[PDB]
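Step one of this worksheet: look at the structure below.
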Amino acid sequence: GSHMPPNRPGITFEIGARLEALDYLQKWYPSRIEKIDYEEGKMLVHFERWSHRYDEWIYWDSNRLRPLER
């Protein structure tokens, strides 16, 4: 079934919402949520300024996600 997203401080689980993501080369980038899979519990993250070929599915409990600084 579809799952309510976890409580994650500072992250809004909406399409287009911004956050920072750690890419596969271990650098943080401002990013936005492209898609949310509520069944598998993961989101398609787009790294801002970069090609969509780098869009990555990240599980929504991942420590590779952090909120923007408020």
Side-chain angles (χ1 to χ4, degrees), residues 1-69:
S2 266
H3 302 94
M4 177 76 72
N7 170 14
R8 291 212 56 182
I11 293 171
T12 301
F13 292 91
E14 292 166 28
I15 303 308
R18 296 177 80 235
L19 65 182
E20 293 177 340
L22 197 65
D23 83 339
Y24 62 101
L25 300 177
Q26 308 182 248
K27 186 170 183 194
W28 293 102
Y29 293 90
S31 294
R32 65 164 175 273
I33 297 168
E34 291 293 280
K35 316 179 142 135
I36 298 167
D37 183 336
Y38 293 98
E39 323 283 358
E40 303 198 18
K42 56 188 192 185
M43 58 192 25
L44 184 60
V45 175
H46 173 71
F47 301 91
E48 288 182 342
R49 309 177 183 183
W50 293 85
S51 169
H52 283 276
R53 286 190 218 251
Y54 296 109
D55 292 1
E56 176 173 7
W57 286 102
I58 302 188
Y59 287 97
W60 54 28
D61 59 357
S62 176
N63 285 146
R64 300 176 55 211
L65 305 179
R66 71 185 186 190
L68 300 170
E69 170 186 337

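In this chain, numbering begins with 1 at the start of the sequence shown.
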- prompt: Who are the ring pair (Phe, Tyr, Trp, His ring centres under 6.0 Å) partners of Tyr59, not counting sequence neighbours?
  reply: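 If we apply the ring pair (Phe, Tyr, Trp, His ring centres under 6.0 Å) test to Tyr59, skipping adjacent residues, there are no hits.
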task: Quick one: list whatever passes salt bridge (charged side-chain N to carboxylate O under 4.0 Å, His left out) with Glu14, sequence neighbours left out.
output: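 Counting only residues at least two positions away or on another chain, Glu14 forms no salt bridge (charged side-chain N to carboxylate O under 4.0 Å, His left out).
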- prompt: Minimum heavy-atom separation for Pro6 to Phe13, with atom names?
  reply: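 That would be O-CE1, 3.4 Å.
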- request: Look at the rings of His46 and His52 and say which category their plane angle falls in: under 30° parallel, 30 to 60° tilted, over 60° perpendicular.
  value: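 Parallel.
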query: Does CH2 in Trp57 sit with more than 12 non-hydrogen atoms of other residues, nucleotides or ligands closer than 6.0 Å?
result: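 Counting other residues, nucleotides and ligands, CH2 of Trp57 exceeds 12 neighbours.
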Transitive ILVMFWY side-chain link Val45 to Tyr38, under 4.5 Å: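 Cluster IDs for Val45 and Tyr38 match.
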message: With a 4.5 Å cut-off on side-chain heavy-atom distances among I, L, V, M, F, W and Y, is there a chain of contacts connecting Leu65 to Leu44?
response: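 Different clusters.
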Acceptor/donor pairs from residues 15-32 side chains to any protein atom, 3.5 angstrom cut, sequence neighbours excluded:
| unit_1 | atom_1 | unit_2 | atom_2 | d |
| --- | --- | --- | --- | --- |
| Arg18 | NE | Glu48 | OE2 | 2.8 |
| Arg18 | NH2 | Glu48 | OE1 | 2.9 |
| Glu20 | OE1 | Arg66 | NE | 2.8 |
| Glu20 | OE1 | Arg66 | NH2 | 2.9 |
| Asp23 | OD1 | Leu25 | N | 3.0 |
| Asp23 | OD1 | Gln26 | N | 3.1 |
| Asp23 | OD1 | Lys27 | N | 3.1 |
| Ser31 | OG | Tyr29 | O | 3.0 |
| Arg32 | NE | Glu34 | OE2 | 2.6 |

field: Approximate separation, where rounding is to 0.5 Å, of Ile58 CD1 and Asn63 CG
entry: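 Rounded to the nearest 0.5 Å, the CD1-CG separation comes out at 11.0 Å.
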- request: Calculate, to the nearest 0.5 Å, the distance between atoms CG and OG belonging to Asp37 and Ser2 respectively.
  value: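 Answer for the CG-OG pair, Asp37 versus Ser2, is 8.0 Å.
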task: Quick one: list whatever passes side-chain hydrogen bond (donor to acceptor under 3.5 Å, both in side chains) with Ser51, sequence neighbours left out.
output: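 Checked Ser51 against side-chain hydrogen bond (donor to acceptor under 3.5 Å, both in side chains); zero matches.
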Where at least one partner belongs to residues 49-63, residue pairs that pass salt bridge (charged side-chain N to carboxylate O under 4.0 Å, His left out), sequence neighbours excluded: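 For residues 49-63, and leaving out neighbouring residues, the salt bridge (charged side-chain N to carboxylate O under 4.0 Å, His left out) pairs sorted by first residue read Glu56-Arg64.
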field: Matching residue for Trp60 among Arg8, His3, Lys42 - test: side chain to side chain contact (heavy atoms under 4.5 Å, CB included)
entry: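 Among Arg8, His3, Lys42, the one that satisfies the side chain to side chain contact (heavy atoms under 4.5 Å, CB included) with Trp60 is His3.
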